[PDB]
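Trainee:
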Amino acid sequence: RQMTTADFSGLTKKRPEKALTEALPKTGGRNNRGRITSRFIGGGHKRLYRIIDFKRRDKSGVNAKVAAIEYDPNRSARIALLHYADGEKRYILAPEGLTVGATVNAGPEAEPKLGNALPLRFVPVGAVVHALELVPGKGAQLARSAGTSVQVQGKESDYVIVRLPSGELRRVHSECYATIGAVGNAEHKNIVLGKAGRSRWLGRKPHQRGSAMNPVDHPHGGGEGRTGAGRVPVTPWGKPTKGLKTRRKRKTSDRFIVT
Amino acid sequence: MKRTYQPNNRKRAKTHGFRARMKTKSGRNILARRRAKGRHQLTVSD
RNA sequence: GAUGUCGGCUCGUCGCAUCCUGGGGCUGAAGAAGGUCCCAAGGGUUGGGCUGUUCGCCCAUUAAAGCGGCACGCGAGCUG
RNA sequence: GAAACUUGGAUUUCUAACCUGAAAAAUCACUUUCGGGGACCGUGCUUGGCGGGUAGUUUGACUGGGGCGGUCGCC
RNA sequence: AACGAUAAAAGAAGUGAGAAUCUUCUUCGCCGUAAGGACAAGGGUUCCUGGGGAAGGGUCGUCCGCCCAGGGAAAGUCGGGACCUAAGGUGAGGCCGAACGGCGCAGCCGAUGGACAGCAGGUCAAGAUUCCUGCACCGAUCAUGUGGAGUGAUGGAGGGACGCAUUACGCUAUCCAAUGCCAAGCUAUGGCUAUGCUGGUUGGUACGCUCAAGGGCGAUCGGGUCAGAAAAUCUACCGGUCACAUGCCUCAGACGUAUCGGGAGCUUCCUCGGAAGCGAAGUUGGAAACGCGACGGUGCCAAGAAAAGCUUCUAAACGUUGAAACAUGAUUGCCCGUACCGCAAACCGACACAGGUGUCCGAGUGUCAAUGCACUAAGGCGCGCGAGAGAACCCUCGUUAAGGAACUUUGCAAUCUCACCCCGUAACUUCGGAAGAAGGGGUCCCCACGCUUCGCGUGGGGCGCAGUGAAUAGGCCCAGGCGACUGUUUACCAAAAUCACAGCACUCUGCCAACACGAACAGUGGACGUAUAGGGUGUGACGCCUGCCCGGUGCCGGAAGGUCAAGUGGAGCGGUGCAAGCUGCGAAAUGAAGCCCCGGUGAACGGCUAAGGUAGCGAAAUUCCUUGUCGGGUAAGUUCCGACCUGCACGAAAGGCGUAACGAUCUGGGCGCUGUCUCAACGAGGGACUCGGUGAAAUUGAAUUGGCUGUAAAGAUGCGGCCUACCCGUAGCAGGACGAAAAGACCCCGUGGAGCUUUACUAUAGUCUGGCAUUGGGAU
RNA sequence: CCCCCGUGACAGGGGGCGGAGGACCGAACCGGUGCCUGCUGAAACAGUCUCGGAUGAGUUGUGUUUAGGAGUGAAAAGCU
RNA sequence: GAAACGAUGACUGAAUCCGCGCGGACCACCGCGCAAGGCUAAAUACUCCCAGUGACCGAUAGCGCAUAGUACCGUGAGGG
Ligand SMILES: [Mg+2]
Ligand SMILES: [Mg+2]
Ligand SMILES: [Mg+2]
Ligand SMILES: [Mg+2]
Ligand SMILES: [Mg+2]
Ligand SMILES: [Mg+2]
Ligand SMILES: [Mg+2]
Ligand SMILES: [Mg+2]
Ligand SMILES: [Mg+2]
Ligand SMILES: [Mg+2]
Ligand SMILES: [Mg+2]
Ligand SMILES: [Mg+2]
Ligand SMILES: [Mg+2]
Ligand SMILES: [Mg+2]
Ligand SMILES: [Mg+2]
Ligand SMILES: [Mg+2]
Ligand SMILES: [Mg+2]
Ligand SMILES: [Mg+2]
Ligand SMILES: [Mg+2]
Ligand SMILES: [Mg+2]
Ligand SMILES: [Mg+2]
Ligand SMILES: [Mg+2]
Ligand SMILES: [Mg+2]
Ligand SMILES: [Mg+2]
Ligand SMILES: [Mg+2]
Ligand SMILES: [Mg+2]
Ligand SMILES: [Mg+2]
Ligand SMILES: [Mg+2]
Ligand SMILES: [Mg+2]
Ligand SMILES: [Mg+2]
Ligand SMILES: [Mg+2]
Ligand SMILES: [Mg+2]
Ligand SMILES: [Mg+2]
Ligand SMILES: [Mg+2]
Ligand SMILES: [Mg+2]
Ligand SMILES: [Mg+2]
Ligand SMILES: [Mg+2]
Ligand SMILES: [Mg+2]
Ligand SMILES: [Mg+2]
Ligand SMILES: [Mg+2]
Ligand SMILES: [Mg+2]
Ligand SMILES: [Mg+2]
Ligand SMILES: [Mg+2]
Ligand SMILES: [Mg+2]
Ligand SMILES: [Mg+2]
Numbered sequence: 123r124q125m126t127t128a129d130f131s132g133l134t135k136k137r138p139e140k141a142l143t144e145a146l147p148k149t150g151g152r153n154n155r156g157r158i159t160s161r162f163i164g165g166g167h168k169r170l171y172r173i174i175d176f177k178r179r180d181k182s183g184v185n186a187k188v189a190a191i192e193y194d195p196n197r198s199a200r201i202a203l204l205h206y207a208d209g210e211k212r213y214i215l216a217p218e219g220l221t222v223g224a225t226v227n228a229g230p231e232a233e234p235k236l237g238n239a240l241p242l243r244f245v246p247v248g249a250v251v252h253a254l255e256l257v258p259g260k261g262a263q264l265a266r267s268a269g270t271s272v273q274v275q276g277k278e279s280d281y282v283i284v285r286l287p288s289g290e291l292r293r294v295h296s297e298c299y300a301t302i303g304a305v306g307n308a309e310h311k312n313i314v315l316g317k318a319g320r321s322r323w324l325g326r327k328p329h330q331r332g333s334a335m336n337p338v339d340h341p342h343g344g345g346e347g348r349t350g351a352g353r354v355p356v357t358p359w360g361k362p363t364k365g366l367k368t369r370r371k372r373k374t375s376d377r378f379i380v381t
Numbered sequence: 117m118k119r120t121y122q123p124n125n126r127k128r129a130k131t132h133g134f135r136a137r138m139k140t141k142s143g144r145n146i147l148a149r150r151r152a153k154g155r156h157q158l159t160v161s162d
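As given, the protein sequences belong to chains X and F, one line each in that order.
Each number in our numbering comes from the position in the first sequence (counting from 1) with 122 added on.
Each number in our numbering comes from the position in the second sequence (counting from 1) with 116 added on.
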């Protein structure tokens with residue numbers, strides 16, 4: 123769903139369940155000491171951080187009930203505020219179809235039902251999960267985003283195959299946790315973003331094409347009128363395919379990375 | 117015609133200060149150098 | 001260790017290889033109207049459209065709408 | 001032709017190096033209960049490769065101005 | 001030349017050696033969303049008093065922000081500190097590093113923010129929630145009485161706690177009206193005789209059964225331990241019983257009563273002008289915040305600090321007999337700032353500078369509204385040369401016959417238009433717009449009737465050339481080019497058609513991610529993000545759309561082979577020694593990533609031999625010839641529109657062709673108006689001129705510095721010849737003095753420089769790769 | 001959101017109401033479009049007139065952080 | 001370079017007295033020395049300061065200063 127109109131815009135999103143409740147402050151910044159390292163990003167409106175439970179282990183064997191499903195900035199992911207029988211309230215990112223006031227059990231013996239958050243060896247094949255723990259313990263580095271999913275494929279010994287959103291297949295051992303279902307935030311992607319400055323509500327001041335800069339500034343800089351040569355960034359690497367990975371440990375846990 | 121100098125005591129003193137020259141040794145060099153230039157006068161008193 | 005460049009505007013001034021006017025000779029000049037050559041520099045030699053344009057083409061006129069010089073006259077005068 | 005005191009190589013795998021995460025102790029430190037990775041990675045020395053990302057420089061003369069064209073020695 | 005804004009002065013009185021300039025008086029003019037007032041910065045005695053007059057002051061000076069001396073600055077409650085924390089800074093241990101040093105958990109520093117006890121008045125020449133007077137408030141220690149018991153941690157909790165827009169109700173600040181009150185007196189000019197005119201018309205505290213909008217409020221019993229390290233009576237949850245109207249709770253503020261203030265003025269001595277005393281009434285009606293009641297209500301996405309004080313709970317501890325708590329006096333109250341300037345003569349601008357400087361207050365009348373606009377209160381000010389003159393010229397203005405853009409690069413500039421109400425309004429459209437299209441009417445006064453109010457509606461009457469009667473105040477339209485759009489950019493010649501922009505595409509990156517800062521197996525940014533994410537690159541809303549060519553360059557993929565380094569390794573070759581031996585060059589094999597080799601790749605570099613332009617457009621921001629050819633407009637059209645096509649040298653994301661809207665964009669046209677023009681005139685003001693005061697600058701070989709013509713280094717006052725020409729100034733003009741300015745920026749030269757580029761040379765950060773260590777065991 | 005009409009390949013349309021906007025006119029403020037003036041200036045970049053933004057990609061104070069092959073840059077080789 | 005010798009960053013890793021290193025590829029011979037442990041006056045350099053002296057200055061000289069790192073310029077280093 124979206125808003126639609128005339129007066130010069132397109133497509134805002136729409137949300138239920140509103141609270142404004144309980145976690146740490148965050149503070150915007152771009153440069154890191156001297157010259158800005160991660161480029162642009164100097165704008166933005168005043169976000170706060172929400173501590174979110176990726177690990178979800180020590181709550182093992184303990185059921186919970188969804189309080190509400192809340193909007194969080196810095197996210198693109200619906201978050202469900204969980205409350206446990208323990209009394210402990212914990213923010214857990216909300217998947218598609220996860221209702222308000224549903225009940226989500228934690229722990230390994232919990233059924234592959236929505237949100238139930240179990241390890242892979244107990245997850246029946248083909249099933250869809252999100253928030254995938256990479257190395258047992260720690261937390262989920264995989265599929266934390268909107269509409270992003272992972273599909274379990276037949277395991278090995280302690281190890282399982284998974285199809286990540288990129289399409290790449292990964293070896294990930296079954297000792298790792300995961301959450302059942304895919305994390306929607308509906309379809310975030312088709313938001314229109316309207317006009318500029320909206321891109322500025324959040325990140326800041328997007329691409330400055332090197333081709334308008336000067337020979338001193340960028341490789342693309344210089345000349346008379348709009349043109350090209352080369353094909354390359356801040357430093358001469360290029361737009362198109364150059365494998366940027368280094369030959370490494372991880373690389374033996376990847377089977378058919380394609381796209 | 118907003119000019120360059122905007123007197124601000126705290127600024128002036130927090131850059132340029134005796135304390136501020138203590139912070140570093142390029143500073144401490146300045147200090148000894150000046151002491152040597154003959155009793156000059158110094159950074160905070162001005 | 002600088003003589004500011006095109007064109008316009010302003011202001012003129014000079015040469016005559018005379019566009020007009022004046023005086024003549026010849027005419028394949030009856031008259032009227034011309035052609036051409038000589039004498040002649042006093043004065044006069046219009047207003048617009050196009051173009052940065054000088055030039056040039058066009059409009060409407062005129063006795064005629066001359067050609068050139070003056071640092072392609074003139075920016076310690078203007079424009080730009 | 002078997003046995004071994006054996007030596008290097010590729011494979012495979014292992015845990016005591018090492019890396020790395022959680023745990024009451026925000027970075028560390030730890031007896032640590034552990035978990036994953038792992039002789040890899042990293043790292044130091046060397047070998048060859050790439051490298052306007054950066055750096056130092058080079059880019060002649062004659063010439064009825066310079067350039068272009070041409071011409072530099074020899075008979 | 002100038003004396004620093006064209007806001008403006010005049011007279012009298014005074015002081016004095018001397019007055020246009022200092023003082024007093026009375027007028028005038030100027031500001032008044034300030035040119036008034038209050039802070040913060042910053043500046044330092046610039047404040048006040050008494051002197052002074054060199055210099056500073058653009059003149060003058062008796063005067064000053066100047067010089068001399070003397071005084072003035074007062075805090076438990078305001079702001080800061082003994083309180084807290086943000087970004088950032090620092091940082092024991094800790095992590096890195098040729099040195100110096102770079103990082104970094106806790107902790108500590110750091111207001112721009114959180115927390116926190118006072119208000120009303122009075123007055124020194126100069127201070128004021130600071131002193132004084134009135135009543136008040138906070139904490140702390142002690143003392144008396146109650147109580148007669150628990151208190152409550154470097155620890156838990158709750159709380160502090162946070163956005164934007166818009167908006168209901170009730171106030172107050174505060175302003176307005178009056179035949180309300182109060183107070184003073186007069187009045188004349190023609191009138192009025194008060195119903196006129198002028199002024200004032202309440203601030204704090206306490207009490208109170210009075211009026212009162214609005215504001216927010218649940219409570220205990222209890223269950224699980226897996227929750228807050230443990231604890232806990234506390235907090236989260238879960239469950240049970242009493243929260244559908246109530247209603248406990250709170251008063252903004254009003255009202256009353258009292259009290260302390262204040263109040264117009266009146267009195268009184270006056271030592272040249274103040275001081276002391278006295279003290280009138282406070283009414284009805286209306287307007288009203290951005291302040292208060294509040295942490296109100298509603299909607300929205302872009303999702304809106306932390307920590308301490310604060311409240312609650314225990315651990316430990318002391319005591320449970322003298323507790324905590326209350327109030328009753330008492331005692332106690334540290335440090336710093338506090339004058340004055342503070343949109344400016346006191347701060348930044350070299351200056352007493354037309355510049356700049358964050359916040360708060362900022363009255364009245366008229367005006368739909370308002371911080372606009374005119375005038376004006378309070379308050380402040382006439383800008384520290386002045387006086388005449390009424391030439392040229394210049395600047396800033398007012399009016400202009402007839403004409404009306406003929407001016408000219410161009411309507412540049414300057415008119416015209418101008419608010420509000422009504423009627424009315426196009427092609428085209430993305431259905432919002434275009435649009436304030438265009439156009440037409442209205443507008444003042446009085447009276448009458450009507451409504452819903454500041455007022456409006458209707459009718460009639462009136463007055464002037466004119467009724468947004470003055471000030472504020474859009475000219476419009478038709479076509480194109482470019483970019484869609486709001487926006488951004490060359491501080492000081494370029495605001496655009498540049499840049500960015502949502503949207504689109506290619507590609508990279510699986511998380512100690514790619515990428516980037518960096519002595520660094522440190523740390524950090526990416527990101528407390530995880531492929532619907534992040535980096536890079538190019539296009540550039542939306543609409544249809546995006547063709548052919550990979551031979552070369554790159555990038556991705558490939559393995560049969562061609563070469564390929566060290567290196568493990570040593571046949572062989574040669575030296576020396578009598579000799580064992582010791583030694584020099586050093587190869588076949590083993591050798592990786594590269595490169596040659598193959599295949600793919602274009603919203604990759606790219607091209608129209610690898611192919612040769614698919615749409616669509618075309619003399620175009622691309623066009624040479626060229627003012628192309630026809631046509632439109634014009635009396636006349638190198639520009640402009642339309643075709644056509646012969647495209648010198650358009651073309652599909654360095655996008656192709658369109659597109660409503662947008663534009664201080666560029667181009668052509670038309671309407672209107674008009675000093676732009678025919679072609680200029682008159683008028684104003686401020687300079688120019690004259691007199692008195694103060695008094696610069698660039699420049700300058702020296703000068704007793706003419707014309708013609710000729711010569712001369714080839715543009716003569718300075719040489720020749722001839723002509724002209726008494727001495728010296730003032731106002732003016734701009735031809736010469738190759739006039740001034742800056743050792744030409746163009747050009748060339750220098751085996752001069754620097755920025756940039758790349759398939760120029762050479763290295764190199766980075767990065768790839770074999771071997772060697774760190775580096776171990778077991779199987780085949 | 002609340003009323004009425006309407007759904008034949010068609011969407012909607014009207015009234016109430018609401019209070020949206022890189023909306024509009026316009027002071028403050030931010031900005032510099034065009035002319036003139038100034039040009040040994042009042043001023044080492046202004047003045048008058050005119051013009052742009054004017055709830056946003058907005059303006060502004062304080063505190064801090066980033067710099068010499070370096071920073072910063074809605075991109076001029078601009079600023080430091 | 002025919003490059004010995006010393007010196008380390010990486011990697012290997014010896015002998016020891018009929019032993020070891022050197023004598024400028026290397027070998028034999030002949031000589032010279034005994035590393036991988038330490039400490040150590042004097043002659044040597046300098047002039048903030050003090051003394052004496054001068055074919056050194058004498059007020060645009062001599063230190064920048066006949067005293068001043070002051071006045072003054074700058075945010076600052078700095079300059080003067
Ligand atoms: Mg550029
Ligand atoms: Mg480059
Ligand atoms: Mg380029
Ligand atoms: Mg000269
Ligand atoms: Mg003749
Ligand atoms: Mg000529
Ligand atoms: Mg000429
Ligand atoms: Mg020009
Ligand atoms: Mg170079
Ligand atoms: Mg004068
Ligand atoms: Mg003056
Ligand atoms: Mg005074
Ligand atoms: Mg004097
Ligand atoms: Mg004087
Ligand atoms: Mg009255
Ligand atoms: Mg009378
Ligand atoms: Mg009255
Ligand atoms: Mg004061
Ligand atoms: Mg001033
Ligand atoms: Mg300002
Ligand atoms: Mg007001
Ligand atoms: Mg007003
Ligand atoms: Mg005004
Ligand atoms: Mg005068
Ligand atoms: Mg006229
Ligand atoms: Mg008349
Ligand atoms: Mg007329
Ligand atoms: Mg003309
Ligand atoms: Mg105009
Ligand atoms: Mg009449
Ligand atoms: Mg106007
Ligand atoms: Mg634009
Ligand atoms: Mg500029
Ligand atoms: Mg400009
Ligand atoms: Mg614009
Ligand atoms: Mg005079
Ligand atoms: Mg002579
Ligand atoms: Mg002569
Ligand atoms: Mg002149
Ligand atoms: Mg000259
Ligand atoms: Mg020169
Ligand atoms: Mg707007
Ligand atoms: Mg050696
Ligand atoms: Mg002397
Ligand atoms: Mg001297």
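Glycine included, every Cβ here is placed at the ideal spot set by N, Cα and C.
Where does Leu-142(X) fall in DSSP's three states?
Mentor: Looking at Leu-142(X) - three-state DSSP - the assignment turns out to be coil, as it is neither helix nor strand.
Trainee: Following the continuous alpha helix (DSSP H) through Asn-145(F), name the residue where it begins and the one where it ends.
Mentor: From DSSP, the alpha helix (DSSP H) with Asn-145(F) extends over 141–152.
Trainee: Rounded to the nearest angstrom, what separates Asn-336(X) and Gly-344(X) at their Cα positions?
Mentor: Between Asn-336(X) and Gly-344(X), the C-alpha separation is close to 5 Å.
Trainee: Do you know whose CA, among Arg-178(X), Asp-180(X), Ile-173(X), lies nearest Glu-192(X)'s CA?
Mentor: Checking every option, the nearest Cα to that of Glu-192(X) belongs to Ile-173(X).
Trainee: Are the beta-carbon atoms belonging to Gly-248(X) and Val-274(X) less than 8 Å from one another?
Mentor: Yes, the Cβ-Cβ distance between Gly-248(X) and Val-274(X) is below 8 Å.
Trainee: At what residues does the beta strand (DSSP E) containing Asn-227(X) begin and finish?
Mentor: Counting along the chain, the beta strand (DSSP E) containing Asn-227(X) begins and ends at 225–227.
Trainee: DSSP state of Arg-128(F), grouped into three classes?
Mentor: The answer is helix: DSSP assigns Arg-128(F) an H, G or I state.
Trainee: Kindly list the residues whose CB is nearer than 7 Å to the CB of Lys-130(F), restricted to its own chain and excluding five residues on each side of it in sequence; keep chain order.
Mentor: Here the set comprises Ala-136.
Trainee: DSSP has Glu-255(X) in a bridge; who is on the other side?
Mentor: Beta-bridge pairing links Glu-255(X) to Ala-262(X).
Trainee: Whole angstroms are fine: how far does the CA of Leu-170(X) sit from the CA of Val-184(X)?
Mentor: Rounded to whole angstroms, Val-184(X) to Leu-170(X) spans 29 Å at the Cα level.
Trainee: Do you know how far the Cα of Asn-124(F) is from the Cα of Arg-149(F)?
Mentor: Computed Cα separation, rounded: 27 Å.
Trainee: Please confirm whether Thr-225(X) and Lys-168(X) have their CB atoms less than 8 Å apart.
Mentor: No, the pair does not count as a contact, with Cβ atoms beyond the cut-off.
Trainee: Taking the alpha carbon of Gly-289(X) as the reference point, which residue from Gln-124(X), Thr-381(X), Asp-194(X) has its own alpha carbon closest?
Mentor: Considering only alpha carbons, the answer is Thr-381(X).
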